[PDB]
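A.B. asks: Sharing an experimental structure here, sequence included.
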Amino acid sequence: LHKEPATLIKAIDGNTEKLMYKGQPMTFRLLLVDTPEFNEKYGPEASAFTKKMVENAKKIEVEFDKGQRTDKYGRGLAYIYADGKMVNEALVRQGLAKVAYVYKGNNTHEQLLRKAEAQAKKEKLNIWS
Ligand SMILES: Cc1cn([C@H]2C[C@H](OP(=O)(O)O)[C@@H](COP(=O)(O)O)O2)c(=O)[nH]c1=O
């Protein structure tokens with residue numbers, strides 16, 4: 001896989017961000033994760049954590065997996081990095097998301113994220129408390 005450049009347009013929530021990619025605005029849906037919705041327990045905390053991570057970053061990058069690059073809503077499906085740190089992995093590692101939506105052929109970082117989830121659960125963090 002390869003990291004490519006993008007710039008933040010707007011933080012949305014834990015699950016999605018508006019980024020400029022190849023010069024066009026897109027909504028990105030993070031691969032392999034599901035955060036609680038804003039109304040749900042830890043939803044506001046997941047959005048805040050994401051917002052801070054991507055707004056404070058000097059450099060945003062997107063990393064497509066091997067499979068489909070857009071979902072049925074036209075959302076880009078990627079791993080997002082903020083100053084080299086994966087936002088997908090970070091949410092999971094903090095117990096602010098669960099590993100989810102693992103489809104065959106777009107699952108390169110599945111085991112990395114499942115290890116993060118094991119650690120968050122062992123530490124009883126947030127959703128795992
Ligand atoms: C994360 C992801 C979601 N989706 C679609 C599946 C779900 O369909 P449905 O909308 O029919 O439930 C939807 C959930 O995304 P959200 O968690 O953002 O609501 O996103 C994909 O198709 N591929 C993906 O990799």
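C.D. replies: Thanks, I have the structure now. Residues are numbered from 1 along each chain as shown.
A.B. asks: for this protein, which strand is longest?
C.D. replies: Longest among the strand segments of the chain by residue count, using DSSP state E, is strand 3-11.
A.B. asks: Parallel or antiparallel, list what pairs with it.
C.D. replies: Here strand 3-11 is paired, per DSSP bridges, with strand 16-21 (antiparallel), strand 60-63 (antiparallel).
A.B. asks: What residues of that strand count as buried?
C.D. replies: 3, 6, 8, 11 (16 or more other C-beta atoms under 10 Å). Where you see a C-beta, it was placed from the backbone N, CA and C, and this is true even at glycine.
A.B. asks: Pick out whichever of these sits closest to residue 66.
C.D. replies: Closest to residue 66 out of those is residue 3 (14.6 Å), distances taken as C-beta to C-beta.
A.B. asks: From the ligand, how far out is the closest one?
C.D. replies: Distance, residue 3 to the ligand, using C-beta to the nearest ligand atom, to the nearest Å: 19 Å.
A.B. asks: Was I right to think that residue contacts residue 60?
C.D. replies: No. Assessed by C-beta atoms under 8 Å, residue 3 is found out of contact with residue 60, at 9.9 Å.
A.B. asks: which neighbours do these two share?
C.D. replies: Listed as contacting both residue 3 and residue 60 by C-beta atoms under 8 Å, 6 or more residues apart in numbering are residue 81.
A.B. asks: So for the ligand, which of the strands paired with strand 3-11 sits nearest?
C.D. replies: strand 16-21 (6.2 Å; C-beta to the nearest ligand atom).
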